[PDB]
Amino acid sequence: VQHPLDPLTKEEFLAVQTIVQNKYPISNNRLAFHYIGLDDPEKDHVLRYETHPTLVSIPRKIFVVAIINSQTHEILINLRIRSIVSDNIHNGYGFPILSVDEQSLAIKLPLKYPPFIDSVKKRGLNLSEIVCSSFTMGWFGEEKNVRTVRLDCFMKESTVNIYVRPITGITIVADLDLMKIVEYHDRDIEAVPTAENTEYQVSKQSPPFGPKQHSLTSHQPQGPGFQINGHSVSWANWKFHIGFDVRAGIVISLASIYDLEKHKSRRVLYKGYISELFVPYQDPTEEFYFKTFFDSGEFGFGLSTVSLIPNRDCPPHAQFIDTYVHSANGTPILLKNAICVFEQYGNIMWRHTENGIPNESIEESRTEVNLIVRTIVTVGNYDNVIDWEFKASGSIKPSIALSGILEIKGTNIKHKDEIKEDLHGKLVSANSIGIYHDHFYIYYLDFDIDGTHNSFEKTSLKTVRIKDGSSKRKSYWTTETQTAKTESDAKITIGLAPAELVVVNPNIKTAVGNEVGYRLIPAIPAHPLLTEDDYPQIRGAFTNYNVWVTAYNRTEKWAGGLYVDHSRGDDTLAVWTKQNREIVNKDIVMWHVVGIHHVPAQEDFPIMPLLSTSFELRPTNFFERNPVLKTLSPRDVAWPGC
């Protein structure tokens, strides 16, 4: 019943807590769990299990990152035999994911800190309605290596929208290990933006409302087209596994599509997730220079996954999957409605109207039903709606949509005509600067296109000029396909030259002889605007290209490095690929960076309408012909479906 790639259960978190506590009792040890996740089973074992799932036995192994007595420990546990197989101290740079508990403690410190109390009083602000939040500080060339954060504070009072009410102008640094403020500098007095009209909760808003949106009700006469057996999904011609990890968030594994013509299930994607985020702000002053969050490695995408609100975050009749996370003391926490799965209707699958045959009317239009797997991750002010969409046609469409709250920098300025220098953002409301920033996400995409042995092909589009009278045309374009030999050949800056980027299996061809493959259709690319030598850009060097390909390696999981808080950037994707390994006809992995540059506008305030992005992974000579040529539209059914 339990699949080897399943997320950790309540029971497994408790056994981990127990096994680690046994070695390090809380009576004589300060013990904090900062990561508890499944140690990836060896791929060859997983592939053996797939073909004989009743026979192949894989032990559940757990990787744990724990701070014990102010030292970072890496602990591997075999849960079958309830033993610790290894326990090593991390000696390199960087620190684990911040825990929720230590943040909850850190944000109370300013409220009892006499210099903060005096700064607050001098501004005439109500101390009892201040909330603070912990921001990571990264690394800026210093040799000092301590677990410090910056604490920023905000007014609440008549609104819960705290992020639009900063108390701007105060430096507070807190050491999380010591749990105390180690630096304080009250620099500038800035007005706190009003609470008026910042409220986003319907219960706290007043009329008028509008425009009115008409309701819709719907029903599937034969129920859902997908079945979830534990974490294993069967839907239409697809099978895949839904996993979940406290750091990565959602993980799509073992994605295979049934080829009706060949009567065989065929692998596309062994493993797909978001490996890291990078959200660099563009305000170089003391107020914000340090704010370039790596959400996944600094806060945990899984740890920060929210409960989906039925009928809103997912359509009605969506099916929900609960997951478990853990707290700092190792206790499992139920995360209700962490993921949902639903079907989407209305799309045209394909069509043709034929009018070229005299005296014949021919038309055919068919519709598709698509599958969406959705999860939502909220880190502080940003909400990220993460979707994986599957289509019978074989396309997979990973998408990310952004909402939430702008990070506001407070200012005395009320109108644009008062601005006399670069504010490093747009004035989106009185006293409110929306600071310029980027969102970069990098996907790990372990394609095993019809098997593990794959290659990466760049199909360049090139212009040929005809000068020799051999045609009336002066020009045309044609393709020129190059196989990337090493990792340096697969570092692509999209938009420099026209090309299709394809992962193929060179060992498997269609009957006419084309290598089977999948191609990336990207959205308009964001490129880094920081300099390559800037400290946050070194740490976020995984954003240096839009696409990368590496040789598959178990231990290469996290693009910003295993330890991201205060990282020096000596363990990123950029660093790994300096080895310049061979990537021809072997197990390879694609990494794809997506992102936007955010120039805030007034529409983003006080809460922001969804901005949707997407890319498509499209079968490209994977099938002999259109895989949905023989796929029928869903039947028409008169309301109410009986």
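Numbering starts at 1 and runs along the sequence shown.
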According to the deposited model, is the average Cα temperature factor higher in 143-151 or in 379-387? 143-151
Per the entry, where is the mean C-alpha temperature factor higher: 601-609 or 27-35? 27-35
Using the entry's values, work out which of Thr353, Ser234, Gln201, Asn347 has the largest Cα B factor. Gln201
By the entry's C-alpha temperature factors, tell me which of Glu276, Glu418, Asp245, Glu364 sits highest. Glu418
Going by the entry, which third of its chain does the Cα temperature factor of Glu616 land in? lowest
Can you work out whether the C-alpha temperature factor of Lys578 puts it in the lowest, middle or highest third of the chain? highest
Within this chain's modelled residues, let me know which third the CA B factor of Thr9 belongs to: lowest, middle or highest. highest
Cα B factor band for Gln21 (lowest, middle or highest third within the chain): highest
Just say lowest, middle or highest third for the CA B-factor of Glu261 relative to the other modelled residues in its chain. highest
